[PDB]
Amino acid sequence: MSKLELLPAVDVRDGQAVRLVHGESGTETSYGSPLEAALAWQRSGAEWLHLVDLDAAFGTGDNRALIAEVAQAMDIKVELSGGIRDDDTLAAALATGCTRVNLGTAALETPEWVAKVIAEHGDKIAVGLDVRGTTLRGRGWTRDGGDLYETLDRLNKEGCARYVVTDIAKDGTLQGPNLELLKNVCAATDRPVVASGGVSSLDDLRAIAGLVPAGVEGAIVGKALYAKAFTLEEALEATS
């Protein structure tokens, strides 16, 4: 069918639900309680929660106990990300019972570890590809980490189940999705692709939904929901 999955985002820094611009540290706008934000999305009919520990992604401590409390409060599917770079952080992340985790920096820095984790955990693992042009970025998007196509080829052959694709130039900007990049990634894999960053309107969600036949499975939405560009109910109606 034509349905696009919607994943409202809760990104956590210093115990707060925040949004960044280009994922730059220091551009936080705070939106209150991460737990109340997640409960509100769930109450409005969310099927998914995209939950991110940004302190862990930046290496400035973590919010592990709070993240765990938020995930325990969800009856819906949970996608968990942020600082998952070794066995201990992966163990705690999966212990939330989350539907899947996203690995970002680890795919660039420890490709052998990511290959091992894919083989042992299957589609509980997705890899986040955060892109500037055709260059991948890591460590909270503070450093380069490789070429998009070479990395996709490697992860394809390692059996990676799913990719989360962010154009860093769109992220947090309300400037719309990068539909060319999404289609370019769909051309390079037969794995489901989740779009992330830039959504600003219901027309943006409809345009991403137009790529479902090409292999786009879902869209993560952050700033536009916190900014009340539309309600989650309106977004769910638009993507059904």
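The numbering used is simple: start at 1 and walk along the sequence shown.
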property: Mean C-alpha B-factor comparison - 226-234 and 10-18, higher one; result: 226-234
property: Mean C-alpha B-factor comparison - 188-196 and 25-33, higher one; result: 25-33
property: Of the residues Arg162, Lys124, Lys157, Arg137, the one carrying the largest Cα B-factor as recorded; result: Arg137
property: Out of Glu79, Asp87, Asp153, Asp144, highest CA B-factor residue; result: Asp144
property: Entry-reported Cα temperature factor of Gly210, expressed as the chain third it lands in; result: middle
property: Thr105 - which third its CA temperature factor falls in, relative to the rest of the chain; result: highest
property: Entry-reported Cα temperature factor of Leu129, expressed as the chain third it lands in; result: middle
property: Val52 CA temperature factor, ranked by third within the chain; result: lowest
property: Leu148 by Cα B-factor - lowest, middle or highest third of the modelled chain; result: highest
